[PDB]
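A short write-up of the structure that comes next.
Position 1 is the first residue of the sequence; numbering continues from there. Atoms considered below: every heavy atom in the structure, side chains included; atoms not considered: hydrogens, waters and symmetry mates.
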Amino acid sequence: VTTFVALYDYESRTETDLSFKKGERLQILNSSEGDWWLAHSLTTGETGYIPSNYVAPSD
């Protein structure tokens, strides 16, 4: 899986995390380790870290 969909809204809290809305689709090329995965929004074009438990597959 390299494209994912948000299950919940997330508001960013620091300089490295990415805000996103429930249903927003995210490209995530590395999801093999950690609680935070680097994601790129297919909606907004913004990029940053998202919580691993906030997304489900979308490809």
Side-chain angles (χ1 to χ4, degrees), residues 1-10 12-59:
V1 180
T2 49
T3 306
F4 293 77
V5 64
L7 302 156
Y8 328 94
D9 291 356
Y10 182 72
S12 63
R13 294 168 281 166
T14 190
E15 300 177 10
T16 59
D17 48 343
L18 171 64
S19 302
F20 55 86
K21 303 296 272 212
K22 180 180 186 181
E24 194 173 329
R25 300 176 75 231
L26 307 169
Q27 183 182 288
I28 309 184
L29 303 173
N30 194 335
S31 59
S32 54
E33 63 185 342
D35 294 324
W36 290 97
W37 299 339
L38 178 74
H40 177 71
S41 170
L42 290 57
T43 293
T44 72
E46 293 174 36
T47 310
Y49 286 90
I50 63 94
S52 63
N53 55 316
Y54 273 52
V55 291
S58 201
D59 64 13

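Note: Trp37 and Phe4 have tilted aromatic rings, judged against thresholds of 30 and 60 degrees for the angle between ring planes.
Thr3 approaches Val1 most closely through the heavy-atom pair O-CG1, 3.3 Å. Scanning both residues, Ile28 and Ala39, for their nearest heavy atoms gives CG1-CB, 3.7 Å. Pairing each heavy atom of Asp17 with each of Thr14, the nearest pair is OD1-N, 2.9 Å.
Going from atom CG of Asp35 over to atom OH of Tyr54 covers 12.0 Å, rounded to the nearest 0.5 Å. Atoms CG and OG, from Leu26 and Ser31 in turn, are 12.0 Å apart once rounded to the nearest 0.5 Å. Taking OG1 of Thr16 as the start and CH2 of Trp36 as the end, the distance is 7.0 Å to the nearest 0.5 Å.
With sequence neighbours excluded, the residues forming a side chain to side chain contact (heavy atoms under 4.5 Å, CB included) with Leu29 are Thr2, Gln27, listed by chain and number. For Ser32, the side chain to side chain donor-acceptor pair (under 3.5 Å) criterion is met by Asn30, not counting sequence neighbours.
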Check residues 44-53 and write down every donor-acceptor pair under 3.5 Å in which the side-chain atom is one partner and the other belongs to a residue at least two apart or another chain.
unit_1: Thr44; atom_1: OG1; unit_2: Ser41; atom_2: OG; d: 3.4
unit_1: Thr44; atom_1: OG1; unit_2: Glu46; atom_2: N; d: 3.1
unit_1: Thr47; atom_1: OG1; unit_2: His40; atom_2: ND1; d: 2.7

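By the criterion of side-chain heavy atoms lying less than 4.5 angstrom apart, applied directly or through intervening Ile, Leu, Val, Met, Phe, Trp or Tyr residues, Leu38 is grouped together with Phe20 in one hydrophobic cluster. With hydrophobic clusters built from ILVMFWY side chains whose heavy atoms lie under 4.5 angstrom apart, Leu7 shares a cluster with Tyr10.
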